[PDB]
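Single-structure report; data block below.
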Amino acid sequence: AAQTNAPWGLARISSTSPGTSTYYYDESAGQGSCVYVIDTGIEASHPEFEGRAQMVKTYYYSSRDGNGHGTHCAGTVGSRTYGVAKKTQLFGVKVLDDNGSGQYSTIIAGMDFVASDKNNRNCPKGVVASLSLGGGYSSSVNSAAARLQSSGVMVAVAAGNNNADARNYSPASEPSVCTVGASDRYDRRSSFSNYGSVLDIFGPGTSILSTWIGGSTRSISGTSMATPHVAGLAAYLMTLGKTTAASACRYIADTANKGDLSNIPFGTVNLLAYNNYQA
C-alpha cells in the first residue's frame, strides 16, 4: 500500500532515505493487533479513527481527552491518515488529566490495568502499550512498566524531552521496555530528545502531524510523538508475524536504519525505526 503525501514521519519509517513523502506499508496494517494509548484519553469520535478507537479506562471525572495529546499519539498509532498501523485497535487509558499531568500511582494503576485488561480484548496478533509520558526516576514506575512488558505487551515509552540522559527518567530508564528518542525530518536528533545507553530506537519526533481534539489536526513535537510511531510499528510488525511482544523492540532495533542520524551522542544507539517494507 502507498499513502501519497503522507506525514514526513510515516514516510520516514518506510524509507531508507529522508526527504520522501509516501508511506509504504503492507495492507494488513496492524489488523488483529491492539495498541493501548496510556495518556490523556482518545477522542474516539474523530473520523480519523473509523470506529477503531475507544476509551476503556479513566481515573478522572471523564474519559474524554480534554487535552489533545493522547488523541494526537493515538492518531500516530492508528488513524487512517496519520497512523502507522491503520487497521489496529486503539484502547484509551486516561491516566493523565486534561492538563497532561498525572500522579505516578495513577500511572502505575493504568499500566497494571492494561496488563489485566488485555485478557478482556480480542488481540490475536498481540498487544502494544504506547506510553507518551514520564517524569523523574521512579523504581515503582519502572517496575510497573516492566510488569506490563512481562505480561506480554510491547511497551514503548518516550525517552523524555529534557535533552539529557534518559537514565534519570521513568519509565524511560526501565531497560526491559522500549525507550524511544525523537528525530526530525532531516535525520537529526530532535534538539529536545533525551539520549543515553537506555534508549533502544529513534522515531520521528519533530513536527509530527496527527489528529487533535475537536475533530481537528495539528503538528507538534516531542519524544512523546516518536513513541506512537514505534508503538504503531510494533503492532504492524506483530500483525505481519515478524516479531512478538517480548522481542518487538529488539526486532525493531535489529531492522532499523543504522547510522543515519546526526547529533547522536557517543554511546547512544544510532537506530531509526524502519518497517523495511518492500513494495
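All Cβ positions, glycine included, derive from the backbone under ideal geometry; neighbour counts span all protein chains shown. What follows draws every value from the coordinates through simple rules; no lab data is involved.
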| By average Cβ neighbour count within 10 Å, what is the ranking of 48-61, 101-114 from highest down? | 101-114, 48-61
| Under the Karplus relation 6.51 cos²θ - 1.76 cosθ + 1.60, θ = phi - 60°, what is the ordered set of whole-Hz ³J(HN,Hα) values for region 109-115, x standing for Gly and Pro? | 4, x, 5, 4, 4, 4, 5
| message | Quick check on the chain: helices-only [θ] at 222 nm, where DSSP H runs of length 4 and up contribute -39,500 (n - 2.57) each and the sum goes over total residues. Nearest 500, please. | response | -7000 deg cm²/dmol
| remark: Listed with the fewest Cβ neighbours within 10 Å leading, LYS125, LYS258, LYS86 appear as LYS258, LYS125, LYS86
| field | Phi-based couplings in Hz for region 138-151 (Karplus 6.51, -1.76, 1.60; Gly and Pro marked x) | value | 8, 5, 7, 6, 4, 5, 4, 5, 4, 5, 4, 4, 4, 5
| field | Rounded to whole Hz, the Karplus (6.51, -1.76, 1.60) HN-Hα couplings of region 62-78, x for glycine and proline | value | 9, 8, 6, 6, x, 10, x, 5, x, 4, 5, 5, 4, x, 6, 6, x
| query | Which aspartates and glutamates, on any chain, are close to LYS258 with Cα under 16 Å apart, when same-chain ones fewer than 8 places away are left out? | reply | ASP184, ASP187, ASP200
| task | Would you please give the FRET efficiency between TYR60 and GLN278, computed as 1/(1 + (r/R0)^6) with r the Cβ-Cβ distance and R0 = 51 Å, to the nearest 0.05? | result | 0.70
| task | Calculate, in nm to one decimal, what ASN119 and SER197 gain on full extension: separation in residues at 0.36 nm each, minus their alpha carbon distance. | result | 24.8 nm
| field | Pair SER247, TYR186: separation of 7 Å Cα→Cβ label points (nm) | value | 3.9
| remark: Under the 7 Å Cα-to-Cβ spin-label approximation, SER21 and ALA109 lie apart by a distance in nanometres of 4.6
| note | Once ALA164 and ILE220 are pulled to full extension, the length gained, defined as 0.36 nm per residue separation minus their Cα-Cα distance, is 18.1 nm
| Classify region 2-272: rounded, prolate or oblate, from the alpha-carbon gyration tensor (a ≥ b ≥ c, eigenvalue square roots; a/c under 1.5 rounded; otherwise prolate if a/b is larger than b/c)? | rounded
